[PDB]
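The file start_23.txt comes next; it holds compact mmCIF, N, CA and C atoms.
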# COMPACT_ATOMS: atom_id res chain seq x y z
N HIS A 1 96.40 26.46 260.16
CA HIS A 1 96.69 26.62 258.70
C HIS A 1 96.93 28.08 258.30
N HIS A 2 97.80 28.29 257.32
CA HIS A 2 98.08 29.63 256.83
C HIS A 2 97.32 29.80 255.51
N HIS A 3 96.78 28.69 255.01
CA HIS A 3 96.07 28.69 253.74
C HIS A 3 94.75 27.93 253.76
N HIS A 4 93.91 28.24 252.77
CA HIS A 4 92.60 27.60 252.63
C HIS A 4 92.79 26.11 252.36
N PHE A 5 91.70 25.36 252.34
CA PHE A 5 91.79 23.93 252.11
C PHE A 5 90.87 23.46 250.99
N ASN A 6 90.75 24.27 249.95
CA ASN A 6 89.96 23.90 248.78
C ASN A 6 90.91 23.05 247.95
N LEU A 7 90.55 21.79 247.72
CA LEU A 7 91.41 20.88 246.98
C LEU A 7 90.90 20.59 245.56
N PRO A 8 91.81 20.35 244.60
CA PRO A 8 91.39 20.06 243.22
C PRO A 8 90.89 18.63 243.13
N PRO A 9 90.12 18.31 242.09
CA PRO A 9 89.62 16.94 241.96
C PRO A 9 90.76 16.10 241.41
N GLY A 10 90.44 15.19 240.49
CA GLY A 10 91.48 14.37 239.90
C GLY A 10 92.29 13.58 240.91
N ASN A 11 93.47 13.14 240.50
CA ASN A 11 94.29 12.35 241.38
C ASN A 11 95.73 12.24 240.89
N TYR A 12 96.45 11.28 241.45
CA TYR A 12 97.86 11.06 241.14
C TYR A 12 98.12 9.74 240.44
N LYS A 13 97.05 9.08 239.99
CA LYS A 13 97.17 7.78 239.33
C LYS A 13 98.10 7.78 238.12
N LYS A 14 98.06 8.85 237.33
CA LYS A 14 98.89 8.92 236.15
C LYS A 14 99.86 10.11 236.18
N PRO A 15 100.92 10.06 235.35
CA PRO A 15 101.92 11.13 235.28
C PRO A 15 101.27 12.30 234.54
N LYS A 16 101.81 13.50 234.70
CA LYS A 16 101.19 14.64 234.04
C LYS A 16 102.15 15.76 233.67
N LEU A 17 101.68 16.64 232.80
CA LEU A 17 102.45 17.81 232.41
C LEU A 17 101.85 18.90 233.28
N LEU A 18 102.64 19.90 233.66
CA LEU A 18 102.13 21.01 234.47
C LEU A 18 102.22 22.21 233.54
N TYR A 19 101.06 22.70 233.11
CA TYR A 19 100.95 23.81 232.17
C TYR A 19 100.64 25.13 232.84
N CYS A 20 101.46 26.14 232.58
CA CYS A 20 101.23 27.46 233.16
C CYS A 20 100.64 28.36 232.09
N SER A 21 99.39 28.76 232.28
CA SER A 21 98.72 29.60 231.29
C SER A 21 99.32 31.00 231.16
N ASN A 22 100.05 31.44 232.19
CA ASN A 22 100.65 32.78 232.19
C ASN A 22 101.37 33.08 230.87
N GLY A 23 102.32 32.21 230.52
CA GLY A 23 103.05 32.39 229.27
C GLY A 23 102.85 31.22 228.33
N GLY A 24 102.12 30.22 228.82
CA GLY A 24 101.86 29.04 228.01
C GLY A 24 103.05 28.11 228.00
N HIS A 25 103.64 27.86 229.17
CA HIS A 25 104.80 26.97 229.29
C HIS A 25 104.55 25.75 230.16
N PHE A 26 105.24 24.66 229.83
CA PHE A 26 105.17 23.44 230.62
C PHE A 26 106.34 23.52 231.59
N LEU A 27 106.12 23.11 232.84
CA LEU A 27 107.18 23.12 233.83
C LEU A 27 108.21 22.08 233.38
N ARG A 28 109.49 22.38 233.58
CA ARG A 28 110.55 21.45 233.18
C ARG A 28 111.71 21.42 234.18
N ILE A 29 112.26 20.24 234.42
CA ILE A 29 113.42 20.10 235.30
C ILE A 29 114.48 19.36 234.49
N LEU A 30 115.50 20.09 234.04
CA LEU A 30 116.57 19.51 233.24
C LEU A 30 117.42 18.56 234.07
N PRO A 31 118.09 17.61 233.40
CA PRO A 31 118.94 16.64 234.09
C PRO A 31 119.91 17.28 235.10
N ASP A 32 120.41 18.47 234.79
CA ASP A 32 121.37 19.11 235.68
C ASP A 32 120.75 19.82 236.88
N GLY A 33 119.43 19.70 237.05
CA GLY A 33 118.77 20.33 238.18
C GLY A 33 118.10 21.67 237.91
N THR A 34 118.39 22.24 236.74
CA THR A 34 117.82 23.52 236.34
C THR A 34 116.32 23.42 236.17
N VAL A 35 115.60 24.40 236.71
CA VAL A 35 114.15 24.41 236.57
C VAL A 35 113.72 25.61 235.72
N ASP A 36 112.84 25.38 234.75
CA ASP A 36 112.34 26.46 233.92
C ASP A 36 111.08 26.02 233.17
N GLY A 37 110.68 26.79 232.16
CA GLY A 37 109.50 26.44 231.38
C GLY A 37 109.80 26.37 229.89
N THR A 38 109.06 25.53 229.19
CA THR A 38 109.24 25.40 227.75
C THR A 38 107.89 25.21 227.09
N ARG A 39 107.77 25.62 225.83
CA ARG A 39 106.51 25.43 225.11
C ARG A 39 106.61 24.19 224.22
N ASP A 40 107.75 23.50 224.28
CA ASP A 40 107.96 22.31 223.46
C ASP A 40 107.35 21.06 224.07
N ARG A 41 106.16 20.69 223.59
CA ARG A 41 105.45 19.51 224.09
C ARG A 41 106.23 18.21 223.88
N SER A 42 107.23 18.23 223.01
CA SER A 42 108.02 17.03 222.75
C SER A 42 109.20 16.89 223.72
N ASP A 43 109.34 17.83 224.64
CA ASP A 43 110.45 17.78 225.60
C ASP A 43 110.33 16.54 226.48
N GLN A 44 111.45 15.91 226.81
CA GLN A 44 111.42 14.70 227.62
C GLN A 44 111.61 14.93 229.11
N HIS A 45 111.64 16.20 229.52
CA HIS A 45 111.81 16.52 230.93
C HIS A 45 110.65 17.32 231.51
N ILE A 46 109.49 17.22 230.86
CA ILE A 46 108.30 17.93 231.33
C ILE A 46 107.23 17.02 231.91
N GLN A 47 107.53 15.72 231.99
CA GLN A 47 106.57 14.77 232.54
C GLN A 47 106.86 14.58 234.03
N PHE A 48 105.82 14.67 234.85
CA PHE A 48 105.98 14.53 236.30
C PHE A 48 104.98 13.55 236.91
N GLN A 49 105.38 12.95 238.02
CA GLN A 49 104.52 12.03 238.75
C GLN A 49 104.33 12.68 240.10
N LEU A 50 103.08 12.96 240.46
CA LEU A 50 102.79 13.58 241.75
C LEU A 50 102.35 12.50 242.72
N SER A 51 102.68 12.68 243.99
CA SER A 51 102.29 11.72 245.02
C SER A 51 101.95 12.52 246.26
N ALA A 52 101.03 12.02 247.07
CA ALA A 52 100.64 12.76 248.26
C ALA A 52 101.21 12.19 249.55
N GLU A 53 101.85 13.04 250.33
CA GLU A 53 102.42 12.64 251.61
C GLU A 53 101.26 12.62 252.59
N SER A 54 100.54 13.74 252.63
CA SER A 54 99.37 13.88 253.49
C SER A 54 98.32 14.55 252.63
N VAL A 55 97.07 14.54 253.06
CA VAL A 55 96.03 15.15 252.25
C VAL A 55 96.42 16.58 251.91
N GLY A 56 96.49 16.88 250.62
CA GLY A 56 96.84 18.22 250.19
C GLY A 56 98.32 18.53 250.05
N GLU A 57 99.20 17.62 250.50
CA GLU A 57 100.64 17.80 250.39
C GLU A 57 101.12 16.88 249.27
N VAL A 58 101.98 17.37 248.39
CA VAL A 58 102.46 16.55 247.28
C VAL A 58 103.94 16.71 246.99
N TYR A 59 104.49 15.69 246.33
CA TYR A 59 105.87 15.70 245.87
C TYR A 59 105.64 15.79 244.36
N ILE A 60 106.51 16.50 243.67
CA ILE A 60 106.40 16.64 242.22
C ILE A 60 107.71 16.10 241.66
N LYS A 61 107.64 14.88 241.13
CA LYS A 61 108.82 14.17 240.64
C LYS A 61 108.95 13.94 239.13
N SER A 62 110.12 14.30 238.61
CA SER A 62 110.43 14.12 237.20
C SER A 62 110.46 12.63 236.87
N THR A 63 109.65 12.20 235.91
CA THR A 63 109.62 10.78 235.55
C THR A 63 110.85 10.41 234.74
N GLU A 64 111.45 11.40 234.10
CA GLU A 64 112.62 11.16 233.27
C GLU A 64 113.92 11.13 234.06
N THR A 65 114.05 12.00 235.05
CA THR A 65 115.27 12.07 235.84
C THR A 65 115.15 11.60 237.28
N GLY A 66 113.92 11.46 237.77
CA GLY A 66 113.73 11.02 239.14
C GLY A 66 113.93 12.12 240.17
N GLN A 67 114.22 13.34 239.71
CA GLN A 67 114.44 14.48 240.61
C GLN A 67 113.14 15.06 241.16
N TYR A 68 113.20 15.62 242.36
CA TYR A 68 112.03 16.23 242.99
C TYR A 68 112.06 17.75 242.84
N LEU A 69 110.93 18.36 242.49
CA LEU A 69 110.87 19.81 242.40
C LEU A 69 111.06 20.29 243.84
N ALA A 70 111.83 21.35 244.03
CA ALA A 70 112.05 21.87 245.37
C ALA A 70 112.25 23.37 245.31
N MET A 71 111.97 24.07 246.40
CA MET A 71 112.18 25.51 246.46
C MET A 71 113.15 25.78 247.61
N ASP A 72 114.27 26.44 247.31
CA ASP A 72 115.27 26.72 248.32
C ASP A 72 114.96 27.91 249.23
N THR A 73 115.87 28.16 250.16
CA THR A 73 115.74 29.20 251.16
C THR A 73 115.54 30.61 250.59
N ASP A 74 115.93 30.82 249.34
CA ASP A 74 115.75 32.13 248.71
C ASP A 74 114.58 32.16 247.72
N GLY A 75 113.78 31.10 247.69
CA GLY A 75 112.64 31.06 246.79
C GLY A 75 112.91 30.57 245.37
N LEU A 76 114.11 30.05 245.13
CA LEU A 76 114.44 29.53 243.81
C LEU A 76 114.07 28.06 243.67
N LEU A 77 113.62 27.66 242.48
CA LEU A 77 113.26 26.26 242.27
C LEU A 77 114.49 25.53 241.78
N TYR A 78 114.63 24.27 242.17
CA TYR A 78 115.76 23.46 241.73
C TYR A 78 115.34 22.00 241.77
N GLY A 79 116.09 21.15 241.08
CA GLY A 79 115.76 19.74 241.09
C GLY A 79 116.57 19.08 242.19
N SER A 80 115.89 18.50 243.17
CA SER A 80 116.56 17.83 244.28
C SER A 80 116.69 16.33 244.02
N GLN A 81 117.82 15.75 244.39
CA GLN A 81 118.00 14.32 244.16
C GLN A 81 117.21 13.47 245.13
N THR A 82 116.95 14.02 246.31
CA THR A 82 116.22 13.27 247.32
C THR A 82 115.06 14.08 247.87
N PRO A 83 114.07 13.41 248.47
CA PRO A 83 112.91 14.09 249.04
C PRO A 83 113.26 14.76 250.37
N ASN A 84 113.31 16.08 250.39
CA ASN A 84 113.61 16.75 251.64
C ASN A 84 112.50 17.72 252.00
N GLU A 85 112.74 18.49 253.05
CA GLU A 85 111.78 19.47 253.55
C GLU A 85 111.36 20.47 252.45
N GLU A 86 112.26 20.70 251.49
CA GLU A 86 112.02 21.65 250.42
C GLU A 86 111.26 21.08 249.22
N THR A 87 110.96 19.78 249.24
CA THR A 87 110.24 19.16 248.13
C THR A 87 108.73 18.97 248.33
N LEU A 88 108.22 19.35 249.50
CA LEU A 88 106.79 19.23 249.78
C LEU A 88 106.04 20.51 249.43
N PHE A 89 104.94 20.36 248.69
CA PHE A 89 104.12 21.48 248.29
C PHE A 89 102.66 21.27 248.66
N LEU A 90 101.97 22.36 248.99
CA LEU A 90 100.54 22.29 249.32
C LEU A 90 99.83 22.49 247.98
N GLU A 91 99.11 21.47 247.53
CA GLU A 91 98.40 21.53 246.26
C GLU A 91 96.99 21.99 246.55
N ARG A 92 96.57 23.10 245.94
CA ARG A 92 95.24 23.64 246.18
C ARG A 92 94.53 24.04 244.90
N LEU A 93 93.20 24.14 244.98
CA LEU A 93 92.42 24.58 243.84
C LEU A 93 92.48 26.11 243.92
N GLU A 94 92.42 26.79 242.78
CA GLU A 94 92.46 28.24 242.76
C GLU A 94 91.51 28.75 241.67
N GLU A 95 90.81 29.85 241.97
CA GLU A 95 89.83 30.42 241.05
C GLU A 95 88.88 29.33 240.56
N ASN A 96 88.56 28.41 241.46
CA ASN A 96 87.65 27.30 241.18
C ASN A 96 88.03 26.48 239.95
N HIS A 97 89.29 26.48 239.53
CA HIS A 97 89.66 25.75 238.32
C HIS A 97 91.10 25.24 238.27
N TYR A 98 92.04 26.14 238.54
CA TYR A 98 93.45 25.82 238.50
C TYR A 98 94.03 25.17 239.75
N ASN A 99 95.27 24.71 239.63
CA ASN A 99 95.99 24.11 240.75
C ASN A 99 97.10 25.09 241.14
N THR A 100 97.32 25.28 242.44
CA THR A 100 98.44 26.13 242.85
C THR A 100 99.28 25.22 243.73
N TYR A 101 100.57 25.51 243.79
CA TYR A 101 101.49 24.73 244.61
C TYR A 101 102.26 25.68 245.51
N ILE A 102 101.96 25.64 246.81
CA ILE A 102 102.62 26.48 247.79
C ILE A 102 103.69 25.70 248.52
N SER A 103 104.86 26.31 248.68
CA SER A 103 105.96 25.67 249.39
C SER A 103 105.51 25.39 250.82
N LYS A 104 105.55 24.13 251.24
CA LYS A 104 105.15 23.81 252.60
C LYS A 104 106.12 24.48 253.56
N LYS A 105 107.41 24.31 253.29
CA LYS A 105 108.45 24.89 254.12
C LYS A 105 108.26 26.38 254.36
N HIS A 106 107.90 27.11 253.31
CA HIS A 106 107.71 28.56 253.43
C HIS A 106 106.25 29.01 253.29
N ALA A 107 105.32 28.15 253.70
CA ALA A 107 103.89 28.43 253.59
C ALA A 107 103.46 29.76 254.22
N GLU A 108 104.06 30.11 255.35
CA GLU A 108 103.71 31.34 256.05
C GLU A 108 104.04 32.58 255.20
N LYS A 109 104.99 32.43 254.28
CA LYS A 109 105.41 33.53 253.42
C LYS A 109 104.68 33.58 252.08
N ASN A 110 103.78 32.63 251.85
CA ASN A 110 103.02 32.57 250.61
C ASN A 110 103.90 32.50 249.36
N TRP A 111 104.85 31.57 249.37
CA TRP A 111 105.73 31.36 248.22
C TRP A 111 105.12 30.26 247.36
N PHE A 112 104.85 30.58 246.10
CA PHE A 112 104.23 29.65 245.15
C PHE A 112 105.18 29.20 244.06
N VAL A 113 104.85 28.08 243.43
CA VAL A 113 105.60 27.59 242.29
C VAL A 113 104.95 28.39 241.15
N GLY A 114 105.74 29.10 240.35
CA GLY A 114 105.15 29.88 239.27
C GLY A 114 106.11 30.21 238.14
N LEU A 115 105.57 30.49 236.96
CA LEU A 115 106.41 30.84 235.81
C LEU A 115 106.02 32.20 235.26
N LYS A 116 107.02 32.97 234.84
CA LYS A 116 106.78 34.29 234.27
C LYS A 116 106.34 34.09 232.83
N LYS A 117 105.80 35.15 232.25
CA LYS A 117 105.34 35.11 230.87
C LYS A 117 106.46 34.71 229.91
N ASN A 118 107.71 35.02 230.26
CA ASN A 118 108.83 34.67 229.40
C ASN A 118 109.33 33.25 229.65
N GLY A 119 108.63 32.52 230.52
CA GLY A 119 109.00 31.14 230.79
C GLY A 119 110.00 30.91 231.91
N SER A 120 110.53 31.98 232.49
CA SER A 120 111.47 31.84 233.59
C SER A 120 110.70 31.65 234.90
N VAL A 121 111.34 30.99 235.86
CA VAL A 121 110.71 30.74 237.15
C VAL A 121 110.59 32.02 237.97
N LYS A 122 109.44 32.23 238.59
CA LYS A 122 109.24 33.41 239.43
C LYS A 122 109.73 33.04 240.84
N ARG A 123 110.61 33.84 241.42
CA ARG A 123 111.15 33.55 242.76
C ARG A 123 110.04 33.60 243.81
N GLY A 124 110.11 32.71 244.81
CA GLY A 124 109.09 32.67 245.84
C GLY A 124 108.54 34.01 246.34
N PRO A 125 109.41 34.89 246.87
CA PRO A 125 109.02 36.21 247.38
C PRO A 125 108.34 37.11 246.34
N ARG A 126 108.56 36.82 245.06
CA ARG A 126 107.95 37.63 244.01
C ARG A 126 106.58 37.11 243.61
N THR A 127 106.21 35.93 244.10
CA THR A 127 104.90 35.39 243.79
C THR A 127 103.95 35.78 244.91
N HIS A 128 102.66 35.63 244.65
CA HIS A 128 101.63 35.90 245.64
C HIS A 128 100.25 35.62 245.06
N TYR A 129 99.28 35.47 245.95
CA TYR A 129 97.91 35.21 245.53
C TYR A 129 97.45 36.25 244.53
N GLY A 130 96.63 35.83 243.57
CA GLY A 130 96.11 36.75 242.58
C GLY A 130 96.84 36.79 241.26
N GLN A 131 98.06 36.26 241.22
CA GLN A 131 98.85 36.26 239.99
C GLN A 131 98.45 35.14 239.05
N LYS A 132 98.70 35.34 237.77
CA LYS A 132 98.41 34.31 236.79
C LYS A 132 99.61 33.36 236.75
N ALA A 133 100.78 33.84 237.17
CA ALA A 133 102.00 33.03 237.15
C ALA A 133 101.91 31.78 238.03
N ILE A 134 101.09 31.84 239.07
CA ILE A 134 100.96 30.73 239.99
C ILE A 134 99.89 29.71 239.62
N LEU A 135 99.14 29.98 238.55
CA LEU A 135 98.04 29.11 238.12
C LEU A 135 98.44 27.97 237.17
N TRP A 136 98.26 26.74 237.63
CA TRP A 136 98.62 25.56 236.85
C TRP A 136 97.46 24.65 236.41
N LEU A 137 97.64 23.98 235.28
CA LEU A 137 96.67 23.02 234.76
C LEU A 137 97.41 21.71 234.49
N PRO A 138 97.02 20.65 235.21
CA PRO A 138 97.65 19.35 235.03
C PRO A 138 97.10 18.72 233.74
N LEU A 139 97.99 18.31 232.84
CA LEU A 139 97.57 17.69 231.59
C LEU A 139 98.13 16.29 231.44
N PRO A 140 97.30 15.34 230.98
CA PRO A 140 97.77 13.97 230.80
C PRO A 140 98.98 13.94 229.86
N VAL A 141 99.88 12.98 230.08
CA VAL A 141 101.08 12.83 229.26
C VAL A 141 100.76 12.22 227.90
Please lay out the structure from this file as structure tokens.
Amino acid sequence: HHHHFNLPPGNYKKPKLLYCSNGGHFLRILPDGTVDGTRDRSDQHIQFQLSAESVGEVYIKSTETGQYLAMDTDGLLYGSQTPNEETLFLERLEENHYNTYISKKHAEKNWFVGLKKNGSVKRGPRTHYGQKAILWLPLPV
């Protein structure tokens, strides 16, 4: 392993919003594949269904569009139409409270799913342990 194995409680039984306390944005995947953050709780593209491939590995799927969150070769997030190597994330507990999502594909490089204070996605190589941008809170829909 390149990472710890502290796992969050809860589960995947229900769909959820992914809230980033950094700037106070909900993760969003627009129909066209664009990934970003919004503070609009009424948005119809911020609801996700998580599922586990293996213990600690998850897919993050848009309930509205069916797209999978994915991180490409350059660390950019995009909505994938199908489940590929780039759609698997290591879900871990962080600071004994939050959830972090590390790209399985690029785990050795410590690339996390994260949002900047202005709501834009932080590129993989620009993220790292210790940042507030990588800290998520799953909220019921």
**Q.** 8 Å contact set for region 51-55 of chain A, all atoms listed in the file, chain neighbours under 2 positions out, as a VMD selection string
**A.** chain A and resid 11 to 13 48 to 49 57 to 61 88 90 to 91
Q) Which of these, A:7, A:77, A:139, A:35, has the shortest distance to residue 96 (chain A) once you count only C-alpha atoms? A)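 The shortest atom-to-atom distance to residue 96 (chain A) comes from A:7.
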Q: Could you tell me which of A:27, A:20, A:107, A:121 comes closest to residue 76 (chain A) if we count all atoms listed in the file?
A: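 Nearest to residue 76 (chain A): A:121.
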Q: Excluding residue 125 (chain A) and any residue of its chain fewer than 6 positions from it, enumerate the residues within 12 Å of it, using only C-alpha atoms, and give them as a PyMOL selection string.
A: chain A and resi 71-77+102-103+106-114
Can you tell me which residues surround region 36-44 of chain A at a distance of at most 6 Å, considering all atoms listed in the file, apart from same-chain residues fewer than 6 positions away, and format the answer as a compact mmCIF listing (two decimals) with N, CA and C atoms, keeping the file's coordinate frame?
# COMPACT_ATOMS: atom_id res chain seq x y z
N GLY A 24 102.12 30.22 228.82
CA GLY A 24 101.86 29.04 228.01
C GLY A 24 103.05 28.11 228.00
N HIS A 25 103.64 27.86 229.17
CA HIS A 25 104.80 26.97 229.29
C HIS A 25 104.55 25.75 230.16
N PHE A 26 105.24 24.66 229.83
CA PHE A 26 105.17 23.44 230.62
C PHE A 26 106.34 23.52 231.59
N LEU A 27 106.12 23.11 232.84
CA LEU A 27 107.18 23.12 233.83
C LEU A 27 108.21 22.08 233.38
N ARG A 28 109.49 22.38 233.58
CA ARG A 28 110.55 21.45 233.18
C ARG A 28 111.71 21.42 234.18
N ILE A 29 112.26 20.24 234.42
CA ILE A 29 113.42 20.10 235.30
C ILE A 29 114.48 19.36 234.49
N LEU A 30 115.50 20.09 234.04
CA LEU A 30 116.57 19.51 233.24
C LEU A 30 117.42 18.56 234.07
N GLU A 64 111.45 11.40 234.10
CA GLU A 64 112.62 11.16 233.27
C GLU A 64 113.92 11.13 234.06
N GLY A 119 108.63 32.52 230.52
CA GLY A 119 109.00 31.14 230.79
C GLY A 119 110.00 30.91 231.91
N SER A 120 110.53 31.98 232.49
CA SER A 120 111.47 31.84 233.59
C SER A 120 110.70 31.65 234.90
N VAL A 121 111.34 30.99 235.86
CA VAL A 121 110.71 30.74 237.15
C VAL A 121 110.59 32.02 237.97
